[PDB]
Trainee: 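I'd like to ask you about the structure that follows.
Along the sequence shown, the residues carry numbers beginning at 1.
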Amino acid sequence: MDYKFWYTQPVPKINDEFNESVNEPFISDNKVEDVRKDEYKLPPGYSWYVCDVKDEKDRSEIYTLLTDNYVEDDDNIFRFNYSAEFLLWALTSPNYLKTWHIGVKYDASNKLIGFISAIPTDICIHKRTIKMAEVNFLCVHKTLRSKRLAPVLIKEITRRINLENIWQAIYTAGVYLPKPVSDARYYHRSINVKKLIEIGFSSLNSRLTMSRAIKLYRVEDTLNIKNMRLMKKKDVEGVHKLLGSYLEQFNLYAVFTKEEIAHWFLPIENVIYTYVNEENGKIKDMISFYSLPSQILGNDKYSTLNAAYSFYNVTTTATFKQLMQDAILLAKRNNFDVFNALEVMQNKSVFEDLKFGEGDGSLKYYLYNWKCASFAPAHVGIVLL
Ligand SMILES: CCCCCCCCCCCCCC(=O)CSCCNC(=O)CCNC(=O)[C@H](O)C(C)(C)COP(=O)(O)OP(=O)(O)OC[C@H]1O[C@@H](n2cnc3c(N)ncnc32)[C@H](O)[C@@H]1OP(=O)(O)O
Ligand SMILES: Cc1c(-c2nc(Cc3ccccc3)no2)oc2cccc(OC3CCNCC3)c12
Ligand SMILES: [Cl-]
Ligand SMILES: [Mg+2]
């Protein structure tokens with residue numbers, strides 16, 4: 001299309017394509033002293049609001065906004081429905097800034113109608129480790145769309161990030177925008193076939209009768225890696241070394257400190273599940289997935305799709321296929337209806353064998369103020385929320 005906001009930003013033009021040797025900002029030698037100290041102007045009747053995500057009621061306001069107004073399927077039957085506890089987890093990572101949790105209220109009602117957030121993350125792109133902001137949960141009320149409010153929320157968080165002497169960010173979206181560094185399709189592994197069939201997530205065809213679809217997806221309730229267990233605090237140094245060593249092979253990944261591993265992976269019910277295999281006091285395999293329900297739009301029988309999303313999975317004692325089979329099984333044991341995954345890291349390699357179906361669209365990865373060659377999603381080693 002035209003990208004009249006994006007073309008004023010430091011991001012590639014749609015036709016830009018860079019050599020592998022290119023790996024730099026679009027704009028360097030930036031100065032915290034020069035950054036605007038004034039808040040970006042909102043339309044008359046709207047005000048900035050600083051959300052405190054540790055405050056139950058502020059967190060609840062953001063929860064309601066996203067519940068009613070966040071990402072939907074381009075057929076409009078499902079809306080992402082992140083839990084309040086998930087938001088807490090997602091937004092209170094180590095060294096997070098309260099002031100990168102930005103809301104917009106309509107003054108006359110005092111209601112939150114807009115939101116955008118960022119957490120700090122060390123990101124390695126093509127073997128350069130950069131302090132970045134990981135931006136997410138950009139949301140404008142459905143009553144207020146196409147009013148050019150998103151660029152205000154965007155310019156306003158950029159300014160707040162820049163005040164911290166950070167000049168780059170990472171972000172993902174399903175819409176195509178100038179310009180992805182990688183593009184990863186999503187795949188779904190049915191667990192509760194019948195429910196999926198009933199709510200129109202999956203389909204039957206004459207050869208695949210209901211009972212055949214159910215038999216197709218059925219799994220044995222026995223782990224390939226028998227000692228896979230919920231991670232605990234004692235496990236963090238071992239996960240740090242396992243995952244950390246594994247991630248170094250990729251073109252794009254997060255460099256986690258121990259404190260970050262503890263946050264990202266220590267299990268929280270209905271938010272984040274990590275399983276580990278400990279052999280001789282070493283952590284040799286891990287599995288992790290997060291909970292992201294979709295509200296079912298207008299179904300007289302089901303209100304919620306329980307979905308597990310593949311997070312970080314490493315094996316040194318089994319095949320990757322065996323590990324991901326256990327991951328599916330662990331997700332089944334925790335009452336999930338489906339197991340989603342992106343064609344990132346080694347995932348694509350197992351989708352056919354493990355009966356994944358191809359989804360409808362893809363997820364684009366983006367960098368802000370960074371210039372580099374684009375790459376296929378198997379070289380992507382980071383999963384955003
Ligand atoms: C160094 C620091 C850097 C910090 C910042 C880095 C950058 C971070 C960037 C943000 C990353 C967030 C990642 C994220 O949270 C994960 S992706 C999910 C985003 N949220 C949703 O989709 C919720 C449902 N939709 C909405 O709330 C609205 O449709 C939104 C608010 C998306 C757009 O509201 P709207 O009412 O429909 O639209 P206008 O206000 O009229 O604005 C139109 C302008 O916004 C551009 N747009 C639309 N969707 C976008 C998107 N998903 N990313 C970036 N840009 C997006 C669009 O191309 C157009 O610019 P253009 O004319 O050039 O085409
Ligand atoms: C986003 C996604 C999908 C997926 N999205 C859709 C369309 C949709 C929209 C709203 C509700 C339900 C469905 N269909 O599938 O599967 C995925 C599998 C893995 C990861 C995905 O994206 C996540 C990381 C980035 N932000 C949100 C979740 C996705
Ligand atoms: Cl401006
Ligand atoms: Mg708008």
Side-chain angles (χ1 to χ4, degrees), residues 30-42 46-70 80-107 109-123 130-141 149-172 254-266 268 271-272 290 292 368-369 382 384-385:
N30 311 271
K31 306 287 181 300
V32 164
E33 172 90 44
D34 295 325
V35 172
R36 297 183 78 94
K37 292 208 275 184
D38 56 319
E39 312 180 312
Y40 270 82
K41 184 185 137 54
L42 291 148
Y46 295 89
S47 289
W48 301 108
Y49 179 70
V50 167
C51 301
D52 182 5
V53 75
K54 290 183 186 172
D55 180 79
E56 187 273 334
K57 190 167 187 176
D58 269 15
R59 177 168 68 244
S60 83
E61 290 178 84
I62 300 163
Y63 167 81
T64 301
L65 177 72
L66 306 193
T67 305
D68 297 331
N69 309 282
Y70 207 54
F80 290 160
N81 176 209
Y82 288 96
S83 80
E85 272 330 309
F86 187 112
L87 295 168
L88 187 46
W89 174 63
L91 300 168
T92 73
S93 48
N95 320 307
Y96 86 88
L97 278 92
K98 181 163 85 167
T99 52
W100 295 356
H101 303 149
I102 314 198
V104 178
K105 293 216 191 188
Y106 179 51
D107 296 337
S109 62
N110 202 223
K111 269 127 152 317
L112 199 70
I113 65 86
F115 189 70
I116 187 166
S117 73
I119 52 152
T121 319
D122 281 63
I123 300 292
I130 304 306
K131 300 274 175 179
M132 302 201 183
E134 179 161 312
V135 180
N136 215 336
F137 304 111
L138 163 66
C139 180
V140 166
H141 202 274
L149 290 164
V152 190
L153 281 147
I154 302 177
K155 285 193 278 191
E156 186 51 13
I157 206 156
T158 298
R159 178 187 81 80
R160 285 188 197 195
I161 296 159
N162 282 173
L163 285 169
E164 304 304 324
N165 195 28
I166 290 164
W167 308 90
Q168 272 74 221
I170 181 165
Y171 55 105
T172 58
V255 190
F256 298 118
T257 64
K258 279 205 178 53
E259 294 88 335
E260 287 176 308
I261 299 290
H263 180 80
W264 293 120
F265 291 99
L266 283 170
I268 302 153
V271 168
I272 176 70
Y290 66 80
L292 161 62
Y368 185 102
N369 190 34
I382 181 178
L384 291 202
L385 296 176

Trainee: My understanding is that only one of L66, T67, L65 makes a side-chain contact (heavy atoms from CB on, under 4.5 Å) with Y63; could you say which?
Mentor: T67
Trainee: Return the CG to NZ distance between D55 and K57, rounded to the nearest 0.5 Å.
Mentor: 8.5 Å
Trainee: Whether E39 and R160 form a salt bridge (side-chain N of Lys/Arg under 4.0 Å from carboxylate O of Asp/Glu) is what I want to check.
Mentor: yes
Trainee: Under 4.5 Å between any side-chain heavy atoms of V140 and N69, yes or no?
Mentor: no
Trainee: Evaluate side-chain contact (heavy atoms from CB on, under 4.5 Å) for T92 paired with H263, printing each intermediate quantity in order.
Mentor: CA-CA 9 Å; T92 73; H263 180 80; 3.9 Å; yes
Trainee: If you define the side chain from C-beta out and look only at heavy atoms, does anything of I170 sit under 4.5 Å from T121?
Mentor: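 Side-chain contact under 4.5 Å: no.
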Trainee: Could you walk me through whether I272 and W264 pass the side-chain contact (heavy atoms from CB on, under 4.5 Å) check?
Mentor: CA-CA 8 Å; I272 176 70; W264 293 120; over 6 Å; no
Trainee: Go through it in stages, so that I can follow the logic: the residues are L112 and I62, the test is side-chain contact (heavy atoms from CB on, under 4.5 Å), and I'd like the CA-CA distance, side-chain angles, deciding distance and then a yes or no.
Mentor: CA-CA 7 Å; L112 199 70; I62 300 163; 3.9 Å; yes
Trainee: Salt-bridged, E61 to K105, with N to O below 4.0 Å?
Mentor: yes
Trainee: Do the rings of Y70 and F80 sit parallel, tilted or perpendicular, given the 30° and 60° boundaries?
Mentor: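 Correct class here is tilted.
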Trainee: I would like to know whether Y171 and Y368 meet ring pair (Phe, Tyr, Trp, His ring centres under 6.0 Å); could you show each step before the answer?
Mentor: CA-CA 8 Å; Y171 55 105; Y368 185 102; 7.1 Å; no
Trainee: Can we say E56 and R59 salt-bridge, meaning some charged N sits less than 4.0 Å from an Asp/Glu carboxylate O?
Mentor: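 The answer is no: the pair does not qualify as a salt bridge.
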Trainee: Decide if the gap between the ring center of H101 and the ring center of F137 is smaller than 6.0 angstrom.
Mentor: no
Trainee: Is it true that atom OH of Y106 has more than 12 heavy atoms of other residues, nucleotides or ligands lying nearer than 6.0 Å?
Mentor: no
Trainee: Strictly below 4.0 Å, N to O, side chains only: are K54 and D52 in salt-bridge contact?
Mentor: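 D52 and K54: not salt-bridged.
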Trainee: Would you say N136 and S117 are linked by a side-chain donor-acceptor pair, where the criterion is simply a distance under 3.5 Å?
Mentor: no
Trainee: When the ring planes of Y290 and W89 are compared, do they come out parallel, tilted or perpendicular, using 30° and 60° as the limits?
Mentor: tilted
Trainee: So do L42 and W48 actually touch side chain to side chain, heavy atoms under 4.5 Å?
Mentor: yes
